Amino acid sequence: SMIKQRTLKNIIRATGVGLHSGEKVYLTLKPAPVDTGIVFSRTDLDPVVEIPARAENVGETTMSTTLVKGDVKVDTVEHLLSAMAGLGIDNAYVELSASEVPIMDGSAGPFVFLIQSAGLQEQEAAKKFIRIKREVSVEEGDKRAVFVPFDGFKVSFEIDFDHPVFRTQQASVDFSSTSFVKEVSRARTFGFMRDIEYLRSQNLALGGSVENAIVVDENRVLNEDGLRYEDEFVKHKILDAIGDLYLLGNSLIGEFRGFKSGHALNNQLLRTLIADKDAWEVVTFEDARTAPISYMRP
C-alpha cells in the first residue's frame, strides 16, 4: 500500500511571542487538500496575504528564514516548518495574526506536541519525495553546505565556536533509527549575551528570554536548569536545517551535510539544487514495505 500524503486531522490553535518582534501572535494550523504544500497566511491584513513556504519566497533577512510577498513578510518559520517535516505533513494552512511565528520554548517541541495532540489524516494521493541523484555543494568563506545521494534521510552538522561552553560541536542523525521527536525536536535556539545586547540596542530580539532561548555569557549557560541534550547547540542547527530543507515543498530522500552553515547558505543550497535538475527527481512509493524511509502511525 502506497506512502500517502498527510494533512492535519483537526485545527491547532496556539499563542506566543515573536522572538524578534516581541509581538503576541495567534497561530492556527488547518487541514489543507492534496498537493497544497505548507502555505502561511497573514490573517491580520485585509485582504489576507498567503505565502507558500517555498525557496522562491525566501527574503534576504539576516536573522531567520523569512517568507516575503511584496512588502509583506513572515519571520522565523524554520522551527514550525521543521516540526511539519519531522511529522511528514505535506498539506496545511498556517494562519498568523502577526509578522513573526511565535518562538514557544525555542524548539519545535510545543509545535510537534500540538500537531500530534490533533493527530494527522492520510489523504488519497501518493506523497512526493525529492531524491538527490548527484552531489550538490556550496561554500562561502569557511561555511559549506552539501546534498549527497543517500537511500533514506540523514542530516550531519558541525559548528566551531571558540567559546569555553564548547562539549560536542558535531552530530549525525539517520531518521530511520533516530526519532526526530525524542532526539532533535526539543533542541532550543541559543544566543550569546554580547550578541543579544547588540540586537536589543538595534530594537531586535524583543521577545527573547531564558523561557525561549539557551542564554550563554562568556563562560556558561545562564539558564538556571541548563541543557536538555549534551549536544543541544549542534542538535538545534540540525533542527533549523530540517526546517530549511522543507522549503523544497516535499520530503527529502538524501543526506544533508552542514559545516558552520546557516539559513543564508542553506537557502543558496536549495536554489542551486532546484536549478540543477540533473541532481534530483520527484519519486513516489506504491509499496511502503520497500521504501527507504517509514512514518509513524497517523
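Rigid core here is just the name for the largest C-alpha set that superposes within 1.5 Å across the two forms. Residue numbers run from 1 along the displayed sequence.
For 54-62 versus 240-248, the mean Cα distance to the shown form in 4 other deposited structures of this protein after rigid core alignment is larger for 54-62. Core-fitted comparison in 4 other deposited structures of this protein shows that, between 103-111 and 193-201, the CA atoms farther from the shown form belong to 193-201. Gap check for residue 166 to residue 167: 1 to 3 deposited residues are absent from the model.
Per the PDB record, of the two stretches 59-67 and 38-46, 59-67 carries the greater mean B-factor over its C-alpha atoms. Taking the PDB entry as given, 221-229 carries the higher mean Cα B factor of the two stretches 221-229 and 183-191. As recorded in the PDB entry, 202 shows the highest C-alpha B-factor of the residues 76, 97, 202, 91.
The residue among 196, 81, 103, 112 whose C-alpha atom has the highest B-factor in the PDB entry is 196. When all modelled residues of the chain are sorted by CA temperature factor, residue 283 is found within the middle third.
In the deposited entry, the Cα temperature factor of residue 210 sits in the top third of values across the chain's modelled residues. In this PDB entry, residue 120 carries a Cα temperature factor that places it within the middle third of its chain's modelled residues. Sort the modelled residues of the chain by CA B factor and residue 33 lands in the middle third. Per the deposited record, the Cα B-factor of residue 20 falls in the lowest third when ranked against the other modelled residues of its chain.
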